[PDB]
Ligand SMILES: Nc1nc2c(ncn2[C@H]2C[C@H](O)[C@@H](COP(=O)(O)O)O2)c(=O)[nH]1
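Single chain ahead, by itself, as structure tokens, in the form deposited without ligand DGP.
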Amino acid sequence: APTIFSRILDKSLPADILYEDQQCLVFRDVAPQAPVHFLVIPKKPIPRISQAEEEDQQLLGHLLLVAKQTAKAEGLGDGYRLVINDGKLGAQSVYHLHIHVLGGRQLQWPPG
């Protein structure tokens, strides 16, 4: 049942943590696709965005605000990209909701 993010959350797998509160955790991606690449994850183990529900509204907004706050802290003033992958066609890696934040280089278009 638990994904590897369970170890990130319980600190049994050391990670470069940029932000933490009782709702979420932000840590660097160890397979980075940009000079800055971090993940914002809820502590509630919502597996994918398609499985979020109305009761998650506050949490989801909080994740976006934390993403943009952390982007500022990481010096992404010239721009960045937020990405959420759902399921196989979305190339979702781990089945625990995560927002990717990529910056520090020019992002291309299309976005994959």
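Numbers for residues come from their place in the sequence shown, where the first is 1. If you superpose the two forms and keep the largest set of C-alpha atoms that fall within 1.5 Å, you have the rigid core.
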Taking RMS over all structures and residues, which stretch has CA atoms farther from the shown form in 8 other deposited structures of this protein, 91-99 or 12-20, after a rigid core fit? 12-20
Of 52-60 and 80-88, the stretch with the higher mean C-alpha B-factor in the deposited entry is 52-60
Would you please rank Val30 by its C-alpha temperature factor against the other modelled residues of its chain and give the third it falls in: lowest, middle or highest? highest
With respect to C-alpha B-factor, does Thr3 fall in the lowest, middle or highest third of the chain as deposited? highest
Sort the modelled residues of this chain by their C-alpha B factor and say whether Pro14 lands in the lowest, middle or highest third. highest
What third of the chain, by the recorded C-alpha B-factor, contains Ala67? lowest
Third assignment of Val36 from its chain's C-alpha B-factors: middle
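The same protein also exists as the form solved in complex with ligand DGP; that form is not shown, yet it is the one meant from here on.
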Would you please decide whether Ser93 lies within 4.5 angstroms of ligand DGP in the entry with it bound, comparing each non-hydrogen atom pair? yes
Closest heavy atom of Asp29 to ligand DGP in the entry with it bound, within 4.5 Å or not? yes
Evaluate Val66 for contact with ligand DGP in the entry with it bound, applying a 4.5 angstroms cut-off between non-hydrogen atoms, and reply yes or no. no
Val40 near ligand DGP in the entry with it bound, any heavy atom under 4.5 Å? no
